[PDB]
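Each remark here refers to the structure printed beneath this line.
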Amino acid sequence: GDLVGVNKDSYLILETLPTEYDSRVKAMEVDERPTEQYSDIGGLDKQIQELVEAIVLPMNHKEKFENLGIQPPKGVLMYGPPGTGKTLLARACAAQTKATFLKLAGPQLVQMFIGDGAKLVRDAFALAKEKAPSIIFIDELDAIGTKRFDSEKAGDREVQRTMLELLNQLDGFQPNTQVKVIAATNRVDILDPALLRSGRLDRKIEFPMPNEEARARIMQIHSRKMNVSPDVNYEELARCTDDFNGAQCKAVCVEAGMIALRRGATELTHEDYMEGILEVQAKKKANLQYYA
Amino acid sequence: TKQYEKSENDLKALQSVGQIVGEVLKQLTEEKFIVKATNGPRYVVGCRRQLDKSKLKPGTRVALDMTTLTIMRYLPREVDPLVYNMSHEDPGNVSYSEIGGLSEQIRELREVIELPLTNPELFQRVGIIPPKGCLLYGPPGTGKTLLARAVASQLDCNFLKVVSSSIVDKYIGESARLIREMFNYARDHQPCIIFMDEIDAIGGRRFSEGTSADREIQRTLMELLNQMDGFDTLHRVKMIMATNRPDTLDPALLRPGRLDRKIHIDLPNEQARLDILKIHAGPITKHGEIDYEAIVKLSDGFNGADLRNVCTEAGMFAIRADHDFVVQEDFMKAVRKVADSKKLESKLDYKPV
Amino acid sequence: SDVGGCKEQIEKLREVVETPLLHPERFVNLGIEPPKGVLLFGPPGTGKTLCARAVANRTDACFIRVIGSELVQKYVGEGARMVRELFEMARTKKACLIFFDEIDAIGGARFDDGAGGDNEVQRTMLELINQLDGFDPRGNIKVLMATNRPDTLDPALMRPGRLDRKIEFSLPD
Ligand SMILES: Nc1ncnc2c1ncn2[C@@H]1O[C@H](COP(=O)(O)OP(=O)(O)OP(=O)(O)O)[C@@H](O)[C@H]1O
Ligand SMILES: Nc1ncnc2c1ncn2[C@@H]1O[C@H](COP(=O)(O)OP(=O)(O)OP(=O)(O)O)[C@@H](O)[C@H]1O
Ligand SMILES: Nc1ncnc2c1ncn2[C@@H]1O[C@H](COP(=O)(O)OP(=O)(O)OP(=O)(O)O)[C@@H](O)[C@H]1O
């Protein structure tokens with residue numbers, strides 16, 4: 001082992017101390033909880049039913065599995081253009097799990113020396129196995145999950161090598177059956193094709209553009225705190241939302257407050273809504289002509 | 001009450017300081033031993049009369065005094081990661097039957113792996129030298145670490161576990177000398193078996209001259225390749241290797257001698273898919289009606305993994321139906337659909353040879 | 001007054017930084033929320049000069065200029081530590097601001113066949129957006145983005161969620 005406590009010239013160990021290491025690698029993230037919850041999002045009830053399934057059923061319903069003889073899922077792929085807003089989904093419901101949760105950034109595994117990210121991930125899954133059950137969320141896997149093609153050289157060949165080491169922690173060793181690890185990627189373009197498995201990436205859900213119902217719903221959730229003059233269609237602007245991301249509905253609210261300021265009006269109005277819509281999308285400008 | 005005093009008397013013996021390790025380079029005389037510390041400095045010392053001078057020998061791990069810097073006690077060999085290479089565990093045995101195919105590969109590695117151990121006579125009579133190495137590659141299919149894993153836990157004897165990410169070592173690629181020392185302890189516990197997972201990275205081509213990492217990686221590769229170019233008899237040690245793409249592995253590894261055999265996994269035939277589906281239908285409680293040819297007709301080109309995840313997908317979709325025993329109609333639905341989603345995410349499964 | 005007559009531009013990119021920073025209580029009253037960050041681009045005239053104006057009219061808390069090329073370095077993984085630790089600094093500097101010029105050099109999207117290529121560029125920019133997508137703060141420090149060409153799309157499809165207030169030049173009246 002290591003860490004055994006010995007005093008200078010004594011070269012004898014009074015006490016054997018644990019545990020492990022190290023600083024940023026030890027604690028990448030220790031999450032109390034983010035305040036948001038699944039009630040703040042809308043339109044995902046089916047895919048958030050799939051998520052709440054994959055994360056919740058090992059926690060409380062493990063007895064059901066042992067009755068049916070079920071192997072629960074581990075890797076669950078999360079993809080879609082923002083937004084979506086899958087990060088608030090995973091971290092919101094992660095705050096609803098009450099179980100141990102560790103955030104992680106994909107490019108963090110890119111390091112200065114050869115294969116530091118390897119011992120990094122091993123330390124991660126070691127503290128995860130210590131805190132079991134737990135949940136680890138990673139994003140931008142495609143940043144470090146591009147296997148390239150052929151030598152030379154993949155500067156991440158060590159990093160993606162550590163990814164294939166995660167596939168070894170999911171391959172040659174079963175114990176990862178506890179502490180489900182969730183992953184998210186904005187684009188599925190590049191992948192390790194071996195990532196398909198129940199212990200690896202299993203439930204894979206496309207996150208589409210929200211629908212006018214869901215768009216006006218979630219945008220109404222962003223504007224529900226602010227003072228709004230009680231005349232809003234949400235139908236008019238719900239149809240006026242075309243190709244919008246839900247995040248651009250947030251931007252519609254934010255702009256509604258912005259010009260709501262310069263107007264001097266104490267309460268938000270519908271002309272302000274359609275105004276901000278025109279503001280963020282679509283862009284500008286040219287001039288009104290030729291179409292009469 | 002008195003046992004405590006026994007411990008405290010042990011402390012009186014702990015007033016003796018730990019000695020300093022070292023190696024024996026040569027010996028100039030009986031009172032002049034040419035030694036080196038594991039930390040680098042070299043020394044020449046005499047020693048006491050409790051030694052046997054012939055027992056010393058050059059290249060010997062010894063312990064030295066803190067002042068006289070001379071041998072009192074000595075130990076032959078030590079290695080930290082070895083017992084951890086031996087600590088791998090896998091169930092089966094029976095999983096060696098659970099995997100289904102591939103039969104001729106199963107029996108093939110059983111012969112070239114297990115048979116030189118038990119029966120060197122059959123080989124030494126015909127005049128053929130036993131093959132010392134083999135290669136596995138997925139995921140054109142999959143089951144590499146499964147199959148070979150159940151060979152390690154099947155044949156038992158002595159076996160060594162290696163992940164390619166433990167040879168990183170950061171400074172001073174002496175994980176190379178950990179391959180040397182590791183091969184020496186494989187010569188200690190011989191016969192032994194060697195796993196090699198993800199051999200692409202530790203098999204690279206050094207095609208384009210670049211940076212540092214690639215160069216020292218290639219250096220540890222020179223250690224590997226020249227230790228399979230011996231100058232040594234690797235008959236008693238076995239080596240199993242698995243990687244995604246048999247492309248970047250360089251002609252040195254692709255050359256026989258170093259790597260004698262080449263075996264692959266392929267996408268399971270509907271026969272083997274049928275079988276692995278059978279053994280995956282066992283642990284799951286099912287309704288009285290079961291028809292496997294439905295899933296066999298529907299499921300085509302999956303990995304064995306994708307097939308067992310398809311079974312788990314059936315059951316975990318059936319936790320919504322809340323039924324304990326589940327019909328295979330729900331299995332046809334969820335298995336079929338979600339399986340075809342896996343096939344929409346099945347992009348670029350086509351690998352070299 | 002060194003502005004060349006651009007008003008709507010200077011008005012929006014002004015109220016987006018001064019007004020929330022000068023009079024924070026105003027928005028807290030009407031809150032809602034002011035947007036995270038902004039974007040500038042167009043022909044060279046005049047880029048980066050209105051930034052100098054933000055320097056002048058800057059009242060109290062300092063702001064950190066960041067040129068585009070100092071992110072990219074050889075021996076990969078350096079610019080990552082860089083951008084991260086400057087974000088930690090800005091989280092120490094309480095309401096201090098950041099500006100980025102020449103972002104089009106480091107935000108080249110998306111990829112090529114191989115071998116890369118964008119992989120260091122990608123991990124640095126996508127890593128930047130990764131720091132941008134954590135819930136905290138984020139950042140109460142705003143940001144500022146000025147470049148030539150609006151491409152590429154990956155940072156431009158990652159901005160509108162967090163960032164906003166994209167304004168274009170204009171160019172002489
Ligand atoms: N369908 C939706 N329901 C609720 N909120 C949404 C929705 N779509 C967008 N948002 C909002 O958009 C904002 C921006 O989130 P964003 O889309 O950047 O997260 P994300 O895309 O999951 O993260 P990343 O960009 O790392 O993938 C969030 O604050 C979120 O509240
Ligand atoms: N022929 C098979 N029989 C039984 N299980 C299989 C078979 N092939 C694959 N699997 C399943 O695949 C999972 C991973 O084992 P395996 O050694 O195939 O990983 P791998 O080949 O390294 O995966 P990849 O090649 O995709 O990285 C195991 O849980 C195993 O149950
Ligand atoms: N509209 C304007 N108002 C005031 N000064 C201007 C204007 N247009 C150009 N100038 C002057 O012209 C000079 C050149 O413009 P500047 O170099 O600031 O743009 P730029 O830095 O080339 O833009 P970019 O950063 O996109 O390359 C500036 O010093 C500025 O004083």
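Identifiers in the structure tokens: chain A, B, ... in order shown; residue index from 1 per chain; ligand index from 1 in order shown.
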- Query: Within 12 Å of chain B, which residues of chain C show up when using only C-alpha atoms, listed as a ChimeraX atom specification?
  - Reply: /C:74-76,115
Next, dump the selected residues to file, keeping only N, CA and C atoms, as a PDB file, in the first residue's frame.
ATOM      1  N   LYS C  74       1.456  25.205 -28.411  1.00  0.00           N
ATOM      2  CA  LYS C  74       1.834  23.817 -28.601  1.00  0.00           C
ATOM      3  C   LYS C  74       1.866  23.120 -27.243  1.00  0.00           C
ATOM      4  N   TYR C  75       2.167  21.821 -27.262  1.00  0.00           N
ATOM      5  CA  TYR C  75       2.164  21.011 -26.053  1.00  0.00           C
ATOM      6  C   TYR C  75       0.778  21.053 -25.420  1.00  0.00           C
ATOM      7  N   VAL C  76      -0.148  20.281 -25.995  1.00  0.00           N
ATOM      8  CA  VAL C  76      -1.574  20.516 -25.799  1.00  0.00           C
ATOM      9  C   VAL C  76      -1.989  20.353 -24.339  1.00  0.00           C
ATOM     10  N   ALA C 115      -5.938  12.702 -39.861  1.00  0.00           N
ATOM     11  CA  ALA C 115      -5.968  12.961 -38.426  1.00  0.00           C
ATOM     12  C   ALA C 115      -5.956  14.461 -38.169  1.00  0.00           C
TER      13      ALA C 115
END
- Message: Neighbouring residues of region 257-260 of chain A were defined as those with any atom within 12 Å, considering only C-alpha atoms; residues of the same chain fewer than 3 positions away were excluded. Please report them as number ranges by chain.
- Response: A: 222-223, 225-229, 250-254, 263-277, 279; C: 11-12, 15-16, 19-20, 26-35, 164-165
- Message: Using only C-alpha atoms and a distance of at most 8 Å, pull out the residues of chain A that contact chain B, as a PyMOL selection string.
- Response: chain A and resi 9-12+67-72+113-116+118+150-153+157-158+161-162+164-165+168+171-172+193-194+196-198+202+204
- Item | Protein and nucleic residues near ligand 3, 9 Å, only C-alpha atoms and all ligand atoms, as number ranges by chain | C: 1-6, 40-52, 101-102, 146-149, 170-172
Output C-alpha atoms for every residue in the selection just made, as a PDB file, in the first residue's frame.
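Result went into out30.pdb, see below:
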ATOM      1  CA  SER C   1     -17.634  60.603 -28.223  1.00  0.00           C
ATOM      2  CA  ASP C   2     -14.927  58.950 -30.338  1.00  0.00           C
ATOM      3  CA  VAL C   3     -17.719  56.754 -31.740  1.00  0.00           C
ATOM      4  CA  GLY C   4     -18.389  57.466 -35.404  1.00  0.00           C
ATOM      5  CA  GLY C   5     -22.134  57.967 -35.170  1.00  0.00           C
ATOM      6  CA  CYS C   6     -23.153  54.364 -34.548  1.00  0.00           C
ATOM      7  CA  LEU C  40     -19.460  42.045 -32.096  1.00  0.00           C
ATOM      8  CA  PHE C  41     -18.262  41.495 -35.656  1.00  0.00           C
ATOM      9  CA  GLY C  42     -18.265  42.877 -39.169  1.00  0.00           C
ATOM     10  CA  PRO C  43     -15.711  44.659 -41.335  1.00  0.00           C
ATOM     11  CA  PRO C  44     -12.545  45.767 -39.497  1.00  0.00           C
ATOM     12  CA  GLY C  45     -13.735  49.373 -39.330  1.00  0.00           C
ATOM     13  CA  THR C  46     -14.492  49.636 -36.690  1.00  0.00           C
ATOM     14  CA  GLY C  47     -13.783  46.586 -34.595  1.00  0.00           C
ATOM     15  CA  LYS C  48     -11.922  46.590 -31.295  1.00  0.00           C
ATOM     16  CA  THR C  49     -12.182  50.374 -31.032  1.00  0.00           C
ATOM     17  CA  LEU C  50     -15.591  50.391 -29.364  1.00  0.00           C
ATOM     18  CA  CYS C  51     -13.860  47.993 -26.964  1.00  0.00           C
ATOM     19  CA  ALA C  52     -11.410  50.804 -26.188  1.00  0.00           C
ATOM     20  CA  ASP C 101     -10.833  39.316 -29.874  1.00  0.00           C
ATOM     21  CA  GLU C 102      -9.901  37.061 -32.813  1.00  0.00           C
ATOM     22  CA  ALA C 146     -15.570  40.798 -31.200  1.00  0.00           C
ATOM     23  CA  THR C 147     -14.320  39.201 -34.403  1.00  0.00           C
ATOM     24  CA  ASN C 148     -14.313  39.547 -38.194  1.00  0.00           C
ATOM     25  CA  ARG C 149     -16.365  36.686 -39.626  1.00  0.00           C
ATOM     26  CA  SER C 170     -22.810  49.291 -39.896  1.00  0.00           C
ATOM     27  CA  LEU C 171     -20.428  50.448 -41.602  1.00  0.00           C
ATOM     28  CA  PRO C 172     -20.764  54.067 -42.702  1.00  0.00           C
TER      29      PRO C 172
END
- ligand 1: which residues are within 7 Å, counting only C-alpha atoms and all ligand atoms, as a PyMOL selection string? (chain A and resi 40-44+81-89+139+185-186+210+214-215+218+245-247+250) or (chain C and resi 130+133+158+161-162)
- Task: Write out as a PyMOL selection string each polymer residue whose atoms come within 12 Å of residue 94 (chain A), counting only C-alpha atoms; drop sequence neighbours fewer than 2 positions from it.
- Result: chain A and resi 31-38+51-52+55-56+86-92+96-103+134-137+180-182
Output N, CA, C and O atoms for every residue in the selection just made, as a compact mmCIF listing (two decimals), in the first residue's frame.
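Saved to result_15.txt:
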# COMPACT_ATOMS: atom_id res chain seq x y z
N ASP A 31 -21.27 18.22 -5.21
CA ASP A 31 -22.50 18.96 -5.46
C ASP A 31 -23.42 18.86 -4.25
O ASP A 31 -23.78 17.75 -3.83
N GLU A 32 -23.78 20.01 -3.68
CA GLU A 32 -24.86 20.07 -2.70
C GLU A 32 -26.17 19.76 -3.41
O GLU A 32 -26.71 18.65 -3.28
N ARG A 33 -26.69 20.74 -4.15
CA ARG A 33 -27.76 20.55 -5.13
C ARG A 33 -28.00 21.85 -5.89
O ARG A 33 -27.96 22.93 -5.30
N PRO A 34 -28.22 21.77 -7.20
CA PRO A 34 -28.81 22.91 -7.91
C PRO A 34 -30.30 23.01 -7.64
O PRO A 34 -31.01 22.00 -7.55
N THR A 35 -30.78 24.24 -7.53
CA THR A 35 -32.15 24.47 -7.07
C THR A 35 -33.18 24.01 -8.09
O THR A 35 -34.31 23.68 -7.71
N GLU A 36 -32.82 23.97 -9.36
CA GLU A 36 -33.82 23.67 -10.37
C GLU A 36 -34.20 22.19 -10.31
O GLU A 36 -33.45 21.34 -9.82
N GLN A 37 -35.40 21.89 -10.80
CA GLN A 37 -35.91 20.53 -10.83
C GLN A 37 -36.59 20.30 -12.18
O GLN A 37 -36.69 21.20 -13.02
N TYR A 38 -37.06 19.06 -12.38
CA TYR A 38 -37.69 18.68 -13.64
C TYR A 38 -38.98 19.46 -13.90
O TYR A 38 -39.41 19.56 -15.06
N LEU A 51 -35.14 8.81 -18.83
CA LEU A 51 -34.05 9.15 -17.93
C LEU A 51 -34.37 8.74 -16.50
O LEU A 51 -33.63 7.96 -15.87
N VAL A 52 -35.49 9.25 -15.96
CA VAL A 52 -35.91 8.92 -14.60
C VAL A 52 -35.99 7.42 -14.41
O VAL A 52 -35.69 6.90 -13.33
N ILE A 55 -32.07 6.13 -14.22
CA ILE A 55 -31.36 6.52 -13.00
C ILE A 55 -32.07 6.04 -11.75
O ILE A 55 -31.42 5.65 -10.77
N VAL A 56 -33.41 6.05 -11.74
CA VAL A 56 -34.14 5.83 -10.51
C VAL A 56 -34.35 4.34 -10.24
O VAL A 56 -34.32 3.91 -9.08
N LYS A 86 -30.26 19.90 -21.98
CA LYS A 86 -30.08 18.62 -21.31
C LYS A 86 -29.20 18.72 -20.07
O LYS A 86 -29.23 17.82 -19.22
N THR A 87 -28.41 19.79 -19.94
CA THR A 87 -27.59 19.94 -18.75
C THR A 87 -28.46 20.26 -17.53
O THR A 87 -28.25 19.70 -16.45
N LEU A 88 -29.44 21.15 -17.69
CA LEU A 88 -30.39 21.40 -16.60
C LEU A 88 -31.23 20.18 -16.31
O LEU A 88 -31.69 20.00 -15.18
N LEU A 89 -31.49 19.36 -17.32
CA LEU A 89 -32.18 18.11 -17.09
C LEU A 89 -31.36 17.20 -16.19
O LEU A 89 -31.79 16.83 -15.08
N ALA A 90 -30.15 16.87 -16.63
CA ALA A 90 -29.33 15.89 -15.92
C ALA A 90 -28.95 16.40 -14.53
O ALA A 90 -28.91 15.62 -13.57
N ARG A 91 -28.65 17.69 -14.41
CA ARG A 91 -28.24 18.23 -13.12
C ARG A 91 -29.42 18.52 -12.21
O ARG A 91 -29.30 18.39 -10.99
N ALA A 92 -30.56 18.90 -12.78
CA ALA A 92 -31.77 19.06 -12.00
C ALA A 92 -32.18 17.73 -11.36
O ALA A 92 -32.27 17.61 -10.13
N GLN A 96 -32.41 15.97 -7.68
CA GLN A 96 -33.54 15.20 -7.19
C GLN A 96 -33.18 13.78 -6.79
O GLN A 96 -34.03 13.09 -6.21
N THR A 97 -31.97 13.31 -7.09
CA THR A 97 -31.60 11.94 -6.73
C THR A 97 -31.24 11.81 -5.25
O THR A 97 -31.41 10.72 -4.68
N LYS A 98 -30.71 12.87 -4.63
CA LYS A 98 -30.22 12.84 -3.25
C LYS A 98 -28.99 11.95 -3.11
O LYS A 98 -28.25 12.07 -2.12
N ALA A 99 -28.74 11.08 -4.08
CA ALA A 99 -27.52 10.28 -4.08
C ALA A 99 -26.32 11.15 -4.46
O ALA A 99 -26.46 12.27 -4.96
N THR A 100 -25.13 10.61 -4.21
CA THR A 100 -23.90 11.35 -4.48
C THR A 100 -23.78 11.67 -5.97
O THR A 100 -24.06 10.83 -6.82
N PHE A 101 -23.37 12.90 -6.28
CA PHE A 101 -23.31 13.35 -7.66
C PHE A 101 -22.03 14.14 -7.90
O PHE A 101 -21.66 14.99 -7.09
N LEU A 102 -21.36 13.84 -9.02
CA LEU A 102 -20.11 14.49 -9.40
C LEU A 102 -20.26 15.02 -10.81
O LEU A 102 -20.46 14.24 -11.75
N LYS A 103 -20.15 16.34 -10.97
CA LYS A 103 -20.03 16.90 -12.31
C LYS A 103 -18.63 16.63 -12.85
O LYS A 103 -17.68 16.39 -12.10
N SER A 134 -23.79 6.39 -6.65
CA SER A 134 -23.46 7.76 -7.03
C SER A 134 -23.73 7.92 -8.52
O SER A 134 -24.12 6.98 -9.21
N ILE A 135 -23.54 9.15 -9.01
CA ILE A 135 -23.81 9.50 -10.39
C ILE A 135 -22.72 10.46 -10.85
O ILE A 135 -22.45 11.46 -10.17
N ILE A 136 -22.11 10.17 -11.99
CA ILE A 136 -21.09 11.04 -12.58
C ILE A 136 -21.60 11.47 -13.95
O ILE A 136 -22.00 10.63 -14.76
N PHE A 137 -21.59 12.78 -14.20
CA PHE A 137 -22.08 13.34 -15.45
C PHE A 137 -20.91 13.97 -16.21
O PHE A 137 -20.20 14.81 -15.66
N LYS A 180 -24.09 4.58 -11.49
CA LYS A 180 -24.35 4.82 -12.90
C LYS A 180 -23.67 6.12 -13.34
O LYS A 180 -23.73 7.13 -12.63
N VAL A 181 -23.03 6.09 -14.50
CA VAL A 181 -22.35 7.24 -15.06
C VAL A 181 -23.09 7.66 -16.32
O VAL A 181 -23.31 6.84 -17.22
N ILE A 182 -23.49 8.94 -16.38
CA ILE A 182 -24.26 9.50 -17.49
C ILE A 182 -23.36 10.40 -18.32
O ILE A 182 -22.52 11.12 -17.78
- Could you check which of B:186, B:99, B:234, B:321 is closest to ligand 2, using only C-alpha atoms and all ligand atoms? B:99
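Near residue 112 (chain C), within 12 Å and counting only C-alpha atoms, sit residues 146, 148, 149, 189 and 190 of chain A; 108, 116, 117, 118, 119, 121 and 122 of chain C, not including residues fewer than 4 positions from it in the same chain.
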- Could you pull the residues within 12 Å of residue 150 (chain C), counting only C-alpha atoms, minus those fewer than 4 positions along the same chain, as a PyMOL selection string? (chain A and resi 283) or (chain C and resi 39-43+102-105+107-109+145-146+154-157+159+166-169)
Selected residues, N, CA and C atoms, written as a PDB file, in the first residue's frame, please.
ATOM      1  N   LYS A 283     -31.973  37.836 -36.871  1.00  0.00           N
ATOM      2  CA  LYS A 283     -30.807  38.647 -37.230  1.00  0.00           C
ATOM      3  C   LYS A 283     -31.278  39.924 -37.929  1.00  0.00           C
TER       4      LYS A 283
ATOM      5  N   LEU C  39     -21.882  39.952 -28.509  1.00  0.00           N
ATOM      6  CA  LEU C  39     -21.074  39.597 -29.667  1.00  0.00           C
ATOM      7  C   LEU C  39     -20.943  40.803 -30.586  1.00  0.00           C
ATOM      8  N   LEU C  40     -19.731  41.022 -31.091  1.00  0.00           N
ATOM      9  CA  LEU C  40     -19.460  42.045 -32.096  1.00  0.00           C
ATOM     10  C   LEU C  40     -18.704  41.426 -33.261  1.00  0.00           C
ATOM     11  N   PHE C  41     -18.962  41.947 -34.457  1.00  0.00           N
ATOM     12  CA  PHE C  41     -18.262  41.495 -35.656  1.00  0.00           C
ATOM     13  C   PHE C  41     -18.695  42.352 -36.838  1.00  0.00           C
ATOM     14  N   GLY C  42     -18.029  42.126 -37.965  1.00  0.00           N
ATOM     15  CA  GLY C  42     -18.265  42.877 -39.169  1.00  0.00           C
ATOM     16  C   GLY C  42     -16.954  43.192 -39.852  1.00  0.00           C
ATOM     17  N   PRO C  43     -16.960  44.194 -40.723  1.00  0.00           N
ATOM     18  CA  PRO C  43     -15.711  44.659 -41.335  1.00  0.00           C
ATOM     19  C   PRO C  43     -14.777  45.211 -40.272  1.00  0.00           C
ATOM     20  N   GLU C 102     -10.428  38.113 -31.940  1.00  0.00           N
ATOM     21  CA  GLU C 102      -9.901  37.061 -32.813  1.00  0.00           C
ATOM     22  C   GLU C 102     -10.415  35.687 -32.412  1.00  0.00           C
ATOM     23  N   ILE C 103     -11.642  35.628 -31.890  1.00  0.00           N
ATOM     24  CA  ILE C 103     -12.195  34.351 -31.475  1.00  0.00           C
ATOM     25  C   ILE C 103     -12.310  33.398 -32.658  1.00  0.00           C
ATOM     26  N   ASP C 104     -12.382  33.934 -33.883  1.00  0.00           N
ATOM     27  CA  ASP C 104     -12.495  33.093 -35.070  1.00  0.00           C
ATOM     28  C   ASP C 104     -11.266  32.219 -35.292  1.00  0.00           C
ATOM     29  N   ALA C 105     -10.147  32.527 -34.635  1.00  0.00           N
ATOM     30  CA  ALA C 105      -8.972  31.675 -34.748  1.00  0.00           C
ATOM     31  C   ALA C 105      -9.103  30.428 -33.879  1.00  0.00           C
ATOM     32  N   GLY C 107     -12.053  29.292 -32.443  1.00  0.00           N
ATOM     33  CA  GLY C 107     -13.365  28.683 -32.477  1.00  0.00           C
ATOM     34  C   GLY C 107     -13.680  28.030 -33.805  1.00  0.00           C
ATOM     35  N   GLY C 108     -12.641  27.649 -34.543  1.00  0.00           N
ATOM     36  CA  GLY C 108     -12.816  26.967 -35.809  1.00  0.00           C
ATOM     37  C   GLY C 108     -13.587  25.674 -35.669  1.00  0.00           C
ATOM     38  N   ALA C 109     -14.729  25.595 -36.340  1.00  0.00           N
ATOM     39  CA  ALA C 109     -15.613  24.444 -36.250  1.00  0.00           C
ATOM     40  C   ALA C 109     -15.866  23.865 -37.643  1.00  0.00           C
ATOM     41  N   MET C 145     -17.380  39.599 -27.044  1.00  0.00           N
ATOM     42  CA  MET C 145     -16.877  38.863 -28.196  1.00  0.00           C
ATOM     43  C   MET C 145     -16.887  39.777 -29.409  1.00  0.00           C
ATOM     44  N   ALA C 146     -15.711  40.012 -29.982  1.00  0.00           N
ATOM     45  CA  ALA C 146     -15.570  40.798 -31.200  1.00  0.00           C
ATOM     46  C   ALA C 146     -14.672  40.043 -32.165  1.00  0.00           C
ATOM     47  N   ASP C 154     -20.381  26.255 -34.454  1.00  0.00           N
ATOM     48  CA  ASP C 154     -20.427  25.568 -33.164  1.00  0.00           C
ATOM     49  C   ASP C 154     -20.376  26.541 -31.991  1.00  0.00           C
ATOM     50  N   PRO C 155     -19.404  27.457 -31.881  1.00  0.00           N
ATOM     51  CA  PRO C 155     -19.508  28.484 -30.828  1.00  0.00           C
ATOM     52  C   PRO C 155     -20.668  29.433 -31.051  1.00  0.00           C
ATOM     53  N   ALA C 156     -21.118  29.587 -32.298  1.00  0.00           N
ATOM     54  CA  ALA C 156     -22.257  30.437 -32.606  1.00  0.00           C
ATOM     55  C   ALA C 156     -23.587  29.755 -32.320  1.00  0.00           C
ATOM     56  N   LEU C 157     -23.618  28.424 -32.286  1.00  0.00           N
ATOM     57  CA  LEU C 157     -24.795  27.712 -31.808  1.00  0.00           C
ATOM     58  C   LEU C 157     -24.721  27.411 -30.317  1.00  0.00           C
ATOM     59  N   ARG C 159     -23.441  29.940 -28.284  1.00  0.00           N
ATOM     60  CA  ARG C 159     -23.650  31.246 -27.662  1.00  0.00           C
ATOM     61  C   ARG C 159     -25.121  31.555 -27.389  1.00  0.00           C
ATOM     62  N   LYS C 166     -26.385  39.773 -30.113  1.00  0.00           N
ATOM     63  CA  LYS C 166     -25.543  39.833 -31.297  1.00  0.00           C
ATOM     64  C   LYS C 166     -25.914  41.067 -32.109  1.00  0.00           C
ATOM     65  N   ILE C 167     -24.938  41.932 -32.373  1.00  0.00           N
ATOM     66  CA  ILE C 167     -25.178  43.150 -33.139  1.00  0.00           C
ATOM     67  C   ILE C 167     -24.132  43.259 -34.234  1.00  0.00           C
ATOM     68  N   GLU C 168     -24.546  43.824 -35.358  1.00  0.00           N
ATOM     69  CA  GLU C 168     -23.716  43.850 -36.545  1.00  0.00           C
ATOM     70  C   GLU C 168     -23.513  45.281 -37.019  1.00  0.00           C
ATOM     71  N   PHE C 169     -22.383  45.490 -37.683  1.00  0.00           N
ATOM     72  CA  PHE C 169     -22.009  46.771 -38.249  1.00  0.00           C
ATOM     73  C   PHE C 169     -22.316  46.781 -39.757  1.00  0.00           C
TER      74      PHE C 169
END
